[PDB]
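The chains referred to below are lettered A, B, ... by the order of the sequence lines, with proteins before strands, and numbering in each begins at 1.
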Amino acid sequence: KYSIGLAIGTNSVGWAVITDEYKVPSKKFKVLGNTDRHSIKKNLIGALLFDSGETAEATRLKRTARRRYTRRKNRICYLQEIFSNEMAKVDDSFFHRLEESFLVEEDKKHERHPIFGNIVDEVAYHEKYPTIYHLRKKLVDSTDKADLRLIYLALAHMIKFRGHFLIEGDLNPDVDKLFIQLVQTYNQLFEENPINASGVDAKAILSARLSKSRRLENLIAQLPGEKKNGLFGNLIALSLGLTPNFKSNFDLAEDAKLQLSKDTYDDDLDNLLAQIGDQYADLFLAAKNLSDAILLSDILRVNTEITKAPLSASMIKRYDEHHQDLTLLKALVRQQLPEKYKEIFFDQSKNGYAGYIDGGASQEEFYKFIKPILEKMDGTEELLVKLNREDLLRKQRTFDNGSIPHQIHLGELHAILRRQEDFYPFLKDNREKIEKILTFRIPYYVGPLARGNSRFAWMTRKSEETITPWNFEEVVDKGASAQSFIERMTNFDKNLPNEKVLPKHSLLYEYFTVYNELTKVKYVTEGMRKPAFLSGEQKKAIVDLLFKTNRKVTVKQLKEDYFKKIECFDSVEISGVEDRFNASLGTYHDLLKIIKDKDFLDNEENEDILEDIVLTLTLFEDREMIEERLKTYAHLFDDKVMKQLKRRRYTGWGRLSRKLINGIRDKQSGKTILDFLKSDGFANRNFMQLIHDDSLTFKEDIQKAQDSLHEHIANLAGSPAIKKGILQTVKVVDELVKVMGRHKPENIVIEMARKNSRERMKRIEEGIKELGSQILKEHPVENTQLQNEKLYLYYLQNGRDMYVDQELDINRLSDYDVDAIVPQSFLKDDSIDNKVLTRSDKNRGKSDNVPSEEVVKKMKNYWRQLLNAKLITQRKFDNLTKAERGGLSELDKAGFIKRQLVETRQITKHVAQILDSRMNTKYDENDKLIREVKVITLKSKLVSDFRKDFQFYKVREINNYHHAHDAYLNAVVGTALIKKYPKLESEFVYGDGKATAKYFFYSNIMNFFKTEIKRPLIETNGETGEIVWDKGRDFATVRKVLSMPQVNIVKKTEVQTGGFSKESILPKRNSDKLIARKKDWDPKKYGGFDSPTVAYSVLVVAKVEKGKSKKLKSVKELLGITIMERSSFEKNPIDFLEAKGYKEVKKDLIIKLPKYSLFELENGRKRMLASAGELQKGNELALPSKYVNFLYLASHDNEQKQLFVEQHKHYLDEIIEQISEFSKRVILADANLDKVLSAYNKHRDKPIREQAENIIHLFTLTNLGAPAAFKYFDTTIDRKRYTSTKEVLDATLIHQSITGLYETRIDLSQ
RNA sequence: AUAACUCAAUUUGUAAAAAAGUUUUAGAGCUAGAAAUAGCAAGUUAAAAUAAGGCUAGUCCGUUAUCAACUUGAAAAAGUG
DNA sequence: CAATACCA
DNA sequence: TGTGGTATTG
DNA sequence: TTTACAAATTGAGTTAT
Ligand SMILES: [Mg+2]
Ligand SMILES: [Mg+2]
Ligand SMILES: [Mg+2]
Ligand SMILES: [Mg+2]
Ligand SMILES: [Mg+2]
Ligand SMILES: [Mg+2]
Ligand SMILES: [Mg+2]
Ligand SMILES: [Mg+2]
């Protein structure tokens, strides 16, 4: 009797019920509650709206951060624990004074001076050590016995802020020396061509505070006859951390583009050295050394002969220079600009020095402020020099201290420990403990150190001790934990669910892939009548001769190196492989290079061992654990080989198990899968064939060896945003089926709808750096500017034309074109992957295809450079160069066209599967499923084109009806489509020369609706005779449906979750709005939080005390229960409310009111709950469809439409009138309405297009939900808010089911 | 439609870490003047907190997902036009 | 208790 | 961006 | 801000059920 239409979105689900003749039914539904109404008429069409479902990222970030905080605190605790006794002998209350430092003097239990406990000693301390780094340096260098408190302070300061762990090994803090060394190995390599390094200050040039490239050019500038692109130049550039290509230096064909910071460098250099010889290893090693020394050089900036604390010395340098320069600046301003002195050094709100030190001004803002002040005056040259160096008036605690490795803090810590252990025995006994406190780090592959109460943890205990940094290796089972880290995420073999999957780089797996690809190769020569398979002997010969001697195997190598040299063929045609084999034996060659024993690798006896080794290399990444794991094989190799093996690492997992590949044997033959791959008589059967062959036993054994709705939907792949929509639409369908008397629909039609700046700037920076371009230095940008498409494309194309080979102009982007690589008539692609910036799109070649062969030939190399620089992707490149591969065939065109109407997205298929499996649950006499309900999926293009062809226009900003209308149209068009063409069920319905034909077929699939293109008035199906569409009266029905005033729009009521409030930590203030950051921290003294989020409101009817005498007065109001207060209120609401001050609370009248709670008042006017103290607009403006269509036409053959617009331009005043009466009845914002009427009367002189486009903006005044601002023409209209929820307390509350068809209304007159 | 492999791109989920920022306190302000108020000297650092907190007491957990109303029911869930 | 600006 | 909390203004 | 890891998914290709 009926079908269902569905439109699934990220913030909405549209639904509709249709009958046989495309009508939507209307029904009487019962109304519950305490009001007048017993029932209500409802149309069976509507839409559910909801806030976006969120990902789990933020929660994760905060969680991990939390853990870091508690662990840091623990570190400090360990330290103090060690210091306890001996500190008790010296100062009874030192640690207590430390821990209560935050407290106001009034609340302190001890003296207000932290370190010593009296004014004179404290002032003395600060006088001697103005910063902590002074004390650090003192304690590192001096030999005197020191106060235990200062020792503690230094150690604790080093431990609390320890630095990163991005560098492995030990650091011992130079550049001149290693530079001389590089020159040495260079000149000792190139005797005929020497370099003169005399008078060259390598230290000042390389450690200079400049960009790496500039410094490179500075160094090269001191070398005559030497250029930056030369070998030595590339070595220095390697040391500066650029991306040099040593190809041109060594006449290579393979580009030696090698970056030092890149993780693959250590293998890139082996790959390169294997080509030019091993004499050159010295050189590159020296280069790396110099690179390290340079890195240490941006960090330290102080001679290592003065002290063993270069870092602290550097901070002290910052201090001294800040002092001197501050004195200088003060004097200068005193002399020359005496009127600006107060502004600069006294006002915190002005970004001067005062705002820099005492205000919220950053170093960048401060530098911005004094730049023209320094420029305007005289004697401020070097100050400007330091300003451009970002080295002017530096603080010591700065944003750029993230460079500091933990090894140097560790260096100072160790030095201090060694220094003072000569006086304090406990420092001697606890040196390594403290060092480990700074050093220890929980491995990422271990996870939280939990004991059964963490859903995130996986680590296994080797003993039931409390875990400390010092007993970690003995208590934690590192191996089992590291293994569990991987195995809890990896797949099992689908075919054998109890078997683990092999490593992707396993030798056996690669043998499998190579043989599987090899088995389906065929060849023909002159003498043979038909192409033949490769035999077992041939396959083995090819493997041994080609696959075991070459990294990759090409077709040419197959022909020449095999078919010519062995089979004696001068010519042969091959069909199994393209250009070169996809599979290869990479691990075989890796291990061949490492262990240097082909016979060992070829011996079948060593199979298990090699598999275990590769497994170890894959499963782990820790070199120590890898080493311990490989110990059982230490007797088989030399120590050198053992270390090389240690360095070798792999990642990634296969798809099949070892038991599937080479374990299970066929009962009759006794052969495994791999055995069949290597030899199978005449029929070289595939893995797919072996697995499905009824004459073998594999299929038998495999078939032998073989989640609620919410969980199922949650486990799908996709954004949680769309998943929310999926669950919601399932629930909607359930309710609709319930409404229809528990009868199932005939059909269900579903349609599914289709920061970054940082990533963009990153892409462009790395790309340009790879390209070695200067365009970034010549044309500097900001990430916010890259939001512009043409500019982003400009930088991605290195400021060149993508079709012509010429430079473009940044200032002329408005004259250029953005062309689509594959025409948008075929591929609806809006991404950068299908877009390109060119001067004129006519230069692309033909507009009917991929860019011409001419262009491809002209630009291929440039595109290659862009590819290697990651400025374009592989897909973009392949699309750009398709013309040399025959361009777009007709098959491709037909395919694209059919893809424009046939959904292929996996997630939608999952939706259809869920619905289908929920509806059809019965099987027939042949044990086959009975499909009572047909689930159809369409793309949005069908309904969109339908609306555009018969003028059922959509304007989103008028109201929310368009979702529901979309669902309806989905149902109609879908059912009609399959009723007309029952053959297309394979394409649209869930479950189990010609190119031109398919093209024209799919391109005119929707022609049966049209009356002329010339077709009959009544459209039926040829075989059945059943009428599918009546052009005379069905369009009328659709038009009546879209014109229906009442449509069930329901905003999902949701409890608010998340953070308690704004994170801002505010200063103290006299306001009850402030919230304590800790239990005893009175916010009037300490400041705290502000602006909490209400989880849900609550209706309270009770009494409150009034006046001095506390007279009980009856009240009725809304109380906002915050997220922080929720658990307490839910534990015992009465006690909570009474604690709030309420008395004699009517417990049974307590009503929970989440956000978006709906209330109705007088003239059909509605409000939604935005908070406990604010409301949202609750009504929908049902504008008559004539006005919607008129607006659509006016705001955007065409001449008939223009004539319609001009003949009906009086519609404007009518639309304004409708908006006006609606606003007067429901919105109640007279000031804004006056502004609107006035502004509209102002621009009544403007063209019709413009007036329509700006009338579009006016609907935000009447839109459902939260009020917002909008510009009519140039007049901004500020939002009017509903800052009181009082009127709601006497309105009628409305409880709605998911469709809004079931209602319970409560008159809040109590 | 499905399976294995090659190349690339995207998305989701988890763990271990760094540097800032903010807040209160501690870095004896000095003179003149009864008084607000002038004139000048100064500033770079540190401690502690970083969701209130919880029991399961761990070097653990605390911001995702999920949620009309009513009848029941501790609760989970069923039922109701 | 408006119009209303600023904030995260 | 959008939108609910807050102090200020009257 | 940095490091380490797994899984789908899309889409250009080779071979199959
Ligand atoms: Mg805490
Ligand atoms: Mg030179
Ligand atoms: Mg600071
Ligand atoms: Mg190939
Ligand atoms: Mg590994
Ligand atoms: Mg939530
Ligand atoms: Mg800080
Ligand atoms: Mg509801």
In whole Å, what separates the [atom1] atom of [N] from that of [M]?
{"N": "B/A28", "M": "B/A42", "atom1": "P", "value": "14 Å"}
{"N": "B/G54", "M": "B/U63", "atom1": "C1'", "value": "16 Å"}
{"N": "B/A19", "M": "B/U59", "atom1": "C1'", "value": "23 Å"}
{"N": "B/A38", "M": "B/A34", "atom1": "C1'", "value": "16 Å"}
{"N": "B/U22", "M": "B/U66", "atom1": "P", "value": "38 Å"}
{"N": "B/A16", "M": "B/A51", "atom1": "P", "value": "15 Å"}
{"N": "B/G39", "M": "B/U50", "atom1": "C1'", "value": "42 Å"}
{"N": "B/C70", "M": "B/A76", "atom1": "P", "value": "14 Å"}

Reckon [X] has a side-chain N or O less than 4.0 Å from the OP1 or OP2 of [N]?
{"X": "A/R60", "N": "B/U64", "answer": "no"}
{"X": "A/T1057", "N": "B/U64", "answer": "yes"}
{"X": "A/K1073", "N": "D/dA7", "answer": "yes"}
{"X": "A/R899", "N": "E/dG11", "answer": "no"}
{"X": "A/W653", "N": "E/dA6", "answer": "yes"}

With the cut-offs of 5.5 Å between six-membered ring centres and 30° between planes, do B/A51 and B/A52 count as stacked? no

Would you confirm whether the neighbouring bases B/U71 and B/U72 count as stacked, given the thresholds of 5.5 angstrom between ring centres and 30 degrees between planes? yes

Please report the distance, rounded to the nearest Å, between [atom1] in [X] and [atom2] in [N].
{"X": "A/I691", "N": "E/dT15", "atom1": "CD1", "atom2": "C1'", "result": "14 Å"}
{"X": "A/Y1302", "N": "B/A68", "atom1": "OH", "atom2": "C1'", "result": "14 Å"}
{"X": "A/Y509", "N": "B/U6", "atom1": "OH", "atom2": "P", "result": "7 Å"}
{"X": "A/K28", "N": "B/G81", "atom1": "NZ", "atom2": "P", "result": "18 Å"}
{"X": "A/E99", "N": "B/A49", "atom1": "CD", "atom2": "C1'", "result": "11 Å"}
{"X": "A/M489", "N": "B/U14", "atom1": "CE", "atom2": "P", "result": "10 Å"}
{"X": "A/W1081", "N": "B/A51", "atom1": "CH2", "atom2": "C1'", "result": "12 Å"}
{"X": "A/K62", "N": "B/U63", "atom1": "NZ", "atom2": "P", "result": "10 Å"}

Using the sign of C1'-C2'-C3'-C4', would you call the sugar of [N] north or south?
{"N": "B/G43", "result": "south"}
{"N": "D/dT3", "result": "south"}
{"N": "D/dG5", "result": "south"}
{"N": "B/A57", "result": "south"}

Would [X] pass as stacked on [N], i.e. its ring centre under 5.5 Å from the base's six-membered ring centre and planes under 30° apart?
{"X": "A/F1060", "N": "B/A51", "answer": "yes"}
{"X": "A/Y69", "N": "B/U50", "answer": "yes"}
{"X": "A/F102", "N": "B/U24", "answer": "yes"}

Measure from the side chain of A/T55, starting at C-beta and using heavy atoms only, and say which of B/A15, B/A3, B/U12 lies closest. B/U12

For the side chain of A/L326, starting at C-beta, report the closest nucleotide among B/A18, B/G43, B/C61. B/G43

A/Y319 vs A/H134 aromatic rings, parallel, tilted or perpendicular, using cut-offs 30° and 60°? perpendicular

Any heavy-atom pair between the side chains of A/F161 and A/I404 that's under 4.5 Å? no

Under 4.0 angstrom, heavy atoms only, what part of the nucleic acid is [X] near: base, sugar-phosphate, or nothing?
{"X": "A/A450", "value": "sugar-phosphate"}
{"X": "A/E987", "value": "nothing"}
{"X": "A/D1090", "value": "sugar-phosphate"}

Comparing A/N582 and A/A717 on DNA chain E - which has the more 5′ nearest nucleotide: A/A717

I want to confirm an ordering. Mapping A/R649 and A/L716 to their closest nucleotides on DNA chain E, which one lands closer to the 5' end? A/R649

Major or minor groove for [X]? Use side-chain heavy atoms and a distance below 5.0 angstrom to the groove-defining base atoms.
{"X": "A/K1062", "result": "minor"}
{"X": "A/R1077", "result": "minor"}
{"X": "A/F485", "result": "minor"}

Decide salt bridge (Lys or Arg N to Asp or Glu O under 4.0 Å) for A/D1072 and A/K1084; before the verdict, give the C-alpha distance in whole Å, the side-chain angles of both, and the deciding distance to 0.1 Å. CA-CA 9 Å; A/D1072 44 323; A/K1084 295 180 179 173; over 6 Å; no

Checking A/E122 side chain against A/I115 main chain: does a donor-acceptor pair fall under 3.5 Å? yes

Could you check whether any side-chain N or O of A/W1081 sits under 3.5 Å from a backbone N or O of A/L103, counting only pairs where one atom can act as donor and the other as acceptor? no

With B/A46 and B/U25, is there a Watson-Crick or G-U wobble pair, both distances less than 3.5 Å? yes

Base pairing of B/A38 with B/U31 (Watson-Crick or G-U, both distances under 3.5 Å): yes

Could you check, using the six-membered ring where one of them is a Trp, whether A/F1060 and A/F1089 have ring centers closer than 6.0 angstrom? no

RNA chain B: A/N74 or A/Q906, which has the more 5' nearest nucleotide? A/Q906

RNA chain B nearest-nucleotide lookup for A/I467 and A/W458: closer to the 5′ end is A/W458

